[PDB]
Structure formats: C-alpha cells, structure tokens
Amino acid sequence: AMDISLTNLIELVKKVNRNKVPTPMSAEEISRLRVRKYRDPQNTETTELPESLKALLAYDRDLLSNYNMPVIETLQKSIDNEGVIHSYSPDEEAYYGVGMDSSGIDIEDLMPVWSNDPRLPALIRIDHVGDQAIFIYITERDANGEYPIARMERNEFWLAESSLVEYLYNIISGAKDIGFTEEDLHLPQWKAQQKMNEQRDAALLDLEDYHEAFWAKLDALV
C-alpha cells in the first residue's frame, strides 16, 4: 500500500533538505539536458535523463540529504554548453579500490584502469553518504523513466537499486519524523524491476572489471 511516486519523493526531499540556499534549475534549462549513451568519450550519441534526476534539479541543484551531504553535486561538473552530461568513468574509484592511491604512481601512467570496452554504457556519478561509489547506469529507461543504480566498493562493481528513486527513499528512511523505516522498503515492484534490469543489462555488467592492460602494467612494474 505504500506510495513511492516521484512526486511523493520530492516532498520528502523538500522535507529533509539541509541546504539553506535552494537553487532550482529552471524548466527551460532542465528541458535542454541530455546524457551521453555510452562510456566511450568519442561516441556522441545521447539519450534521455531519468525522470528522478530532472525532478531533483528542478527543486534544488544543491540539495543536501538528511545526512547533510550532497547527492547530485559531482554530476554537474560533467554538463557541457549544449546541455549534454558527459559520461563519468570509474577509473579513480577503481584505482583507489586496489590501494594504488598509496603507490606514488600517477593514475595517468596506468590508464586505462577500468575496462574501455566500446559497449559499456554511460555513468552518472551520484554523491553518496558512505565509502561506496554510486552511479546511475545509463542503459535503458524503465516504465517510470528510470535507469538502474550501480554500486562500486573496492574492486567490486554491481547493479544494485532499481533506480535513484529507490536509492533516495532508502537514504531518507533514517530520518525519524519521515513516516517510514527501511523495513517498509522491501517493495515487490522494486525487486521485479531489479530482476528485469539484471537480465536486460547482464552482458554489459559482465564487461565491468579492471582492464587487462592495467594488470599487465602492474605485473611489469619493478
């Protein structure tokens, strides 16, 4: 019986927002936005933003969760003049994941760190409340206009929440006056979409790993 619409989500986001200077993007600005379809920077094909991201930008581009931490800050660094969100690539997260941040070797010398297979979908980075990396996985939108969420922790990368909507409901659940807890968020429609997403995107997820050439360079080090 729980109501998990985008409209409801934004009311809850308005409710917890710790940002004292809300800065909505206008409708016009939001309308121009597109996102690159593929991870490959030379591939200029674009596709639609998910509905959740457009609704968040329309409310406050600088919102801070109940954790007093941002959600959609980093992704704004990827927006060009034409309004295209260029793909993020998880090489820094991958590099830190195998502890190479303490190697004294500049990441640039070991690029590509992560796979650069030409099939890989675009990523939008989401700012997270813990150590993990969170991404919107730009494959195909679902019936609600959402893309899946992917997570990365140390060397592991996987499809996780059904969408940014599910991710945010979970973030917001810890607030006491919010009307629900994490125990209310085991919704069959979310599990069903996650199952669909995994079937649909399995061949792409199978490509998400460290580059062979990265292992080769590490093996060659003295």
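About the thresholds
- Residues numbered from 1 in each chain as written, not as in the entry; some residues may be left out.
- Heavy atoms only, no water.
- Axes fitted to C-alpha atoms, helices over the stretch in contact; angles between N-to-C directions.
- Helix = DSSP H or I, 4+ residues; strand = E, 2+ residues; numbered from the N terminus.
- Left-handed = near helix turned anticlockwise from the far one by under 90°.
- Contact = heavy atoms within 4.5 Å.
- Nonpolar A, V, L, I, M, F, W, Y, C, P; charged D, E, K, R; others polar.
- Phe/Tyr/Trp six-rings, centres within 6.5 Å; stacked < 30°, edge-to-face > 60°.
- Buried < 20%, exposed > 50% of the residue type's maximum accessible area, 1.4 Å probe, protein only.
- Salt bridge = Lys/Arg side-chain N within 4 Å of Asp/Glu carboxyl O.
- Polar contact = N/O pair within 3.5 Å; in protein donor to acceptor, adjacent residues only side chain to side chain.

- Per the deposited record, determination of this structure is attributed to X-ray crystallography, with the resolution reported as 1.75 Å.

Let's talk about the packing of helix 1 (residues 6–16) against helix 3 (residues 51–59)
- In contact at an axis separation of 11 Å, helix 1 and helix 3 are set at 35 degrees when each is read in the N-to-C sense. At the point where helix 1 passes helix 3, the crossing takes the right-handed sense. For the pair helix 1 and helix 3, contact is made by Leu 6, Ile 10, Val 13 and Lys 14 and by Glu 51, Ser 52, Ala 55, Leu 56 and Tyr 59, respectively.
- Its residues placed into classes, the contact of helix 1 with helix 3 shows six nonpolar, one polar and two charged.

Comments concerning the packing of aromatic side chains
- Inspection of every chain in the model, using the stated rule, returns 11 aromatic pairs.
- Centre to centre, the rings of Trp 114 and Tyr 210 are 5.0 Å apart; their planes meet at 65 degrees, and the pair counts as edge-to-face. Of the two residues, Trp 114 sits in the loop between helix 4 (91–97) and strand 4 (122–126) while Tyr 210 sits in the loop between helix 6 (188–205) and helix 7 (212–220), which places them 96 residues apart along the sequence.
- Overall, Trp 114 belongs to the buried group, its relative accessible area being 1%.

Focus: the pattern of salt bridges
- Summed over all chains, the structure comprises 11 salt bridges.
- The residue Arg 141 makes a salt bridge to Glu 51 at a minimum N-O spacing of 2.8 Å. Of this pair, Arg 141 sits in the loop between strand 5 (133–138) and strand 6 (149–153) while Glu 51 sits in helix 3, placing them 90 residues apart in sequence.
- Among the ionic contacts, a cluster of salt bridges with common partners joins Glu 51, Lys 54 and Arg 141.

Focus on the side chain of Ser 65
- In this fold, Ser 65 is placed in the loop between helix 3 and strand 3 (84–85).
- In this structure the side chain of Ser 65 is engaged in a polar contact, spanning 3.0 Å, whose partner is the backbone nitrogen of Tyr 67.
- With residues near it in sequence (within four places) discarded, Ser 65 still touches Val 16, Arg 18, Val 71, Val 129 and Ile 171.

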